[PDB]
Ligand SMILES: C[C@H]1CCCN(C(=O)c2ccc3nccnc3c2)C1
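Here's a solo chain for you in structure tokens, the form deposited without the ligand.
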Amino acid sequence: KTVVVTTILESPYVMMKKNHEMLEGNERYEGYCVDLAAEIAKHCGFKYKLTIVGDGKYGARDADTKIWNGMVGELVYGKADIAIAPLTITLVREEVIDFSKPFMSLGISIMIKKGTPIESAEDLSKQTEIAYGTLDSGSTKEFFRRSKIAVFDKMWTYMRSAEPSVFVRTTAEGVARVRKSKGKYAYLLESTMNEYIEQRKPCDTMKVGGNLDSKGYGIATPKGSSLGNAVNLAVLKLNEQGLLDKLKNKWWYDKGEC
């Protein structure tokens, strides 16, 4: 049985090739996770079909209905067999799906235009002339919602009631907002993404300060999946072979344009 892989369009993890018009199936896509999927499938010995998550979300549980959305939801309800994407390993998700050991390490970071008078999270929390937000239905927004750290909690009380909404549906929207806000908007996002964007023209953004936390991305499978064990050992093998480092250089700096 062909394995249904759920993923999300997030550069440089999964992007449609420039010549996708003449391509079909998994060939239409390219990116870090596309290469990863091929490796995993090869080592675990299975055939697969890459599918972009229906609602374009990573995964969160509806407080009122208790229904899971995003890629997590597709695994939970059996719409997909495995998720290969920049999906953060978290406690709430681990309670409903399985995660392989991390294939990438990262942390929340700050993205600023360039010339923006901000160097840390504390700086952002000390002023109000510059707005800031995060992505939606993701671990970043949840981080601030659950954080007890003085600075992070203060930032949340602002973002929560901010008008207009400082949250964005997609990373692209957030980066675009930073670039066109004359430096009046800072974006909080996962470090790996921040670093990628800093190497993309117009080369007008930059990562400032250290990461606010430590976390990792993992390959997810529904609980009780016959793929779980094999996939986990596959990720470890690939990391130990140095393939994962090989893949990040390829998509992050070998293609950098700054």
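Take the two forms, superpose them, and find the largest set of C-alpha atoms that agree within 1.5 Å; that set is the rigid core. Residues carry their position along the shown sequence, with the first being 1.
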In 4 other deposited structures of this protein, superposed on the rigid core, which stretch sits farther off in Cα RMS terms, 144 to 152 or 68 to 76?
144 to 152
Fitting on the rigid core only, I'd like to know which of the two stretches, 207 to 215 or 47 to 55, ends up farther away in Cα terms in 4 other deposited structures of this protein.
207 to 215
Higher-scoring stretch by recorded Cα B factor average, 4 to 12 or 248 to 256:
248 to 256
Comparing 101 to 109 with 129 to 137, the higher average Cα temperature factor in the PDB entry belongs to 129 to 137
Deposited CA B-factor, highest of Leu75, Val166, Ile84, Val178:
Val166
Tell me, please, which of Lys57, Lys201, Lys215, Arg28 has the highest C-alpha B factor according to the deposited entry?
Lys201
How does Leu36 rank on Cα B-factor within its chain, lowest, middle or highest third?
lowest
Relative C-alpha B-factor of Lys114, binned into the chain's lowest, middle or highest third:
middle
Which third of the chain does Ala121 land in by C-alpha B-factor: lowest, middle or highest?
middle
If you rank the chain by CA B-factor, which third does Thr90 end up in: lowest, middle or highest?
lowest
In terms of the CA temperature factor given in the entry, to which third of its chain does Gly70 belong: lowest, middle or highest?
lowest
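Just so you know, the form deposited with the ligand bound exists too; it's not on screen, but the next bit is about it.
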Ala131 near the ligand in the bound PDB entry, any heavy atom under 4.5 Å?
yes
Tell me, yes or no, whether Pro117 is in contact with the ligand in the bound PDB entry, where a contact means a heavy atom of each within 4.5 Å.
yes
Is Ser147 a contact residue for the ligand in the bound PDB entry, using a 4.5 Å heavy atom cut-off?
no
Is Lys184 a contact residue for the ligand in the bound PDB entry, using a 4.5 Å heavy atom cut-off?
yes
